[PDB]
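Each chain, written out:
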Amino acid sequence: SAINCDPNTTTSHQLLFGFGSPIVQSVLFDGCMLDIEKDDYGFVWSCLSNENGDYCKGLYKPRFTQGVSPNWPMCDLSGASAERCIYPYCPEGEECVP
């Protein structure tokens, strides 16, 4: 599917990280630069673990300003990951293990 990079959007982007990650503030998603949504209680962000699996998850929106491609690591989908990272985005038709 296409990926919107609209700052004024209603439709946020969900992002899985590894359980135990710190709250990740910003990611670069296939060109677009996303910042974590915030609630009237905090960051829209959730880590969960049980017998069946574990993960961390946040909702992200794109920031007004883009095109800046900084030097961060890969977001880790099963480890700690780090606070600002680049998300792995496999394009429709490909393997894509880091």
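- The record for the entry shows the title "Crystal structure of the N-terminal domain of the minor coat protein pIII from CTXphi".

**Points about the nonpolar core**
Logical step 1: Of all hydrophobic cores here, the largest spans 14 residues; its most connected members are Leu 15, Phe 17, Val 24, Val 27, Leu 34, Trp 45 and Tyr 60.
Logical step 2: At the level of secondary structure, the elements contributing two or more residues to this core comprise β1 (13-17), β2 (26-29), β3 (32-36) and β5 (54-62).
Logical step 3: Ranked by the residues each element gives to this core, the list is headed by β3, at three residues.
Logical step 4: The contacts of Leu 34, once residues within four sequence positions are left out, are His 13, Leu 15, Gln 25, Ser 26, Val 27, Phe 29, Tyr 60, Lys 61 and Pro 62.

**Some words on the packing of aromatic side chains**
Logical step 1: Taken as a whole, this structure holds four aromatic pairs when the rule is applied.
Logical step 2: Consider the rings of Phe 17 and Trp 45, whose centres lie 5.4 Å apart with planes at 40°: the pair is tilted. Note that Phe 17 is positioned in strand β1 and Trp 45 in strand β4 (residues 45-49), a separation of 28 residues in sequence. The residues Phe 17 and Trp 45 share a single accessibility class, namely buried.
Logical step 3: Through a chain of ring-to-ring contacts, three or more aromatic side chains come together here, namely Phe 17, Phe 29, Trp 45, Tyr 60 and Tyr 87.

Cut-offs and rules
- Residues numbered from 1 in each chain as written, not as in the entry; some residues may be left out.
- Heavy atoms only, no water.
- Residues with missing side-chain atoms left out of burial classes, pairs and counts.
- Core = buried A, V, L, I, M, F, W, Y, C linked by side-chain atoms within 4.5 Å.
- Buried < 20%, exposed > 50% of the residue type's maximum accessible area, 1.4 Å probe, protein only.
- Helix = DSSP H or I, 4+ residues; strand = E, 2+ residues; numbered from the N terminus.
- Contact = heavy atoms within 4.5 Å.
- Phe/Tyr/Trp six-rings, centres within 6.5 Å; stacked < 30°, edge-to-face > 60°.

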